[PDB]
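Asker:
2 protein chains.
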Amino acid sequence: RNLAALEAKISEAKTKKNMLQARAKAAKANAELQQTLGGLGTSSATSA
Amino acid sequence: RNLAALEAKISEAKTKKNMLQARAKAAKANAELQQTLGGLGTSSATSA
């Protein structure tokens with residue numbers, strides 16, 4: 001029974017952590033998209 | 001939507017700046033024409 005419980009713990013923790021990391025990476029990618037959209041170099045063209 | 005907006009910005013800024021530069025060059029060419037018309041070397045012929 002301890003082995004059954006431990007395997008359940010291992011599987012759930014591993015998969016949950018992996019998916020959490022993947023979604024966090026997706027979120028940070030989206031945040032980088034937002035930064036790039038905000039990060040517009042209009043100043044240089046205006047100076048030219 | 002951000003990409004659509006950004007492409008619109010890029011196209012409009014590029015074309016407007018290019019045409020502005022071209023027309024400024026035309027204007028300076030015309031100003032050089034006016035200078036050449038004013039810049040008459042009558043003094044040298046008068047001295048001869």
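Order-wise, the sequence lines are chains F and H.
Take the first sequence: its letters are residues 1 to 48, numbered as in the numbering used here.
Take the second sequence: its letters are residues 1 to 48, numbered as in the numbering used here.
For each residue, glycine too, the CB sits at the ideal point set by N, CA and C.
(1) If I follow the unbroken alpha helix (DSSP H) through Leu20 of chain F, where does it start and stop?
(2) Please classify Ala45 of chain F: does DSSP put it in a helix, a strand, or coil?
(3) Applying a beta-carbon distance threshold of less than 8 angstroms, which residues of chain H neighbour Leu37 of chain F?
(4) Cβ of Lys25 of chain H less than 9 angstroms from any chain F Cβ?
(5) Who are the neighbours of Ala13 of chain H on chain F, taking C-beta pairs under 7 angstroms?
(6) Beta-carbon of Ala48 of chain F versus every beta-carbon of chain H: anything under 9 angstroms?
Answerer: Taking the geometry as given:
(1) Locating residue 20 of chain F in the first sequence gives position 20, where the first residue counts as 1. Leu20 of chain F: member of the alpha helix (DSSP H) spanning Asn2 to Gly38, first to last residue.
(2) Reading the first sequence from its first residue, position 45 is the one you call residue 45 of chain F. Looking at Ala45 of chain F - three-state DSSP - the assignment turns out to be helix.
(3) Stepping through the first sequence from its first residue, residue 37 of chain F is reached at position 37. Per Cβ cutoff of 8 angstroms: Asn2 and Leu6.
(4) Numbered from 1 along the second sequence, position 25 holds the residue referred to as residue 25 of chain H. Taking 9 angstroms as the threshold, the shortest C-beta distance from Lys25 of chain H to chain F does not fall below it.
(5) In the second sequence, residue 13 of chain H corresponds to position 13, counting from 1. Simply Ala45.
(6) For the purposes of this step, residue 48 of chain F is identified with residue 48 of the first sequence, where counting begins at 1. Judged by the 9 angstroms Cβ criterion, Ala48 of chain F is in contact with chain H.
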